[PDB]
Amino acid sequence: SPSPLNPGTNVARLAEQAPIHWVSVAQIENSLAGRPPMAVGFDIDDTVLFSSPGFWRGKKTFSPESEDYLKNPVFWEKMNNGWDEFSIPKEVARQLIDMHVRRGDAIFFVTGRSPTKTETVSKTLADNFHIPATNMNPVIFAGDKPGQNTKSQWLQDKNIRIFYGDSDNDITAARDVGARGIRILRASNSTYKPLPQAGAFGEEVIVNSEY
């Protein structure tokens, strides 16, 4: 934009692959065969939930021309107490959570969302992903503080050994504590842009994980 009307292509380009370590859920499960129960963790937004609907409504409602809504407690109170009714669960997360429950793993959610007075997100997640009481843990609302990775200390405190996420800070949080960081693709219709460069730390990336 502007760009050629008819750009064309060639077969080198058509076949070209980025050097990324792609994995499947089955390969992950296999890599863990025989490992006793451990703590694992998931980012929420664009990892287990397509939550752009609420973030989109939030932006339009609270800061149509800026990102200020993300620092607005009135927004977080809406986002954490019912707007996830419009959040669409990701199939990759159904498969991963089922797999970790099968293993007897403890499941944590560690999100950059700000903490609120009350939250119904933990219930939404347990219900939608059919997580038994024993495997489920209340969502950790780690917040966002420029200059800090707010998730890293939580991964250490909960002894989380595998952390799934869509953002660079999810992968580097895992790296910070020596955990296995595994990338989920953010959907291209997410309102959180630009899309991250999945694989840019040499981490495993789950195939087809945009849905």
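From 1 onward, residues are counted along the sequence shown.
Between 133-141 and 67-75, it is 67-75 that carries the larger average Cα temperature factor according to the deposited entry.
Look at the C-alpha B-factors of 87-95 and of 115-123. On average they run higher in 115-123. Across the options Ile171, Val177, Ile28, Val48, the residue with the most elevated CA B-factor in the record is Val177. Comparing C-alpha B-factors across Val40, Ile44, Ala33, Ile182 in the deposited entry, the largest value falls on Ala33. In this PDB entry, the Cα temperature factor of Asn189 sits in the bottom third of its chain's modelled residues, the lowest group. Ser52 sits in the lowest third of its chain by CA B factor, as recorded in the PDB entry. When the CA B factors of the chain's modelled residues are split into thirds, the value for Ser152 lands in the middle one. Annotation for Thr9: C-alpha temperature factor in the highest third relative to the rest of the modelled chain, per the entry.
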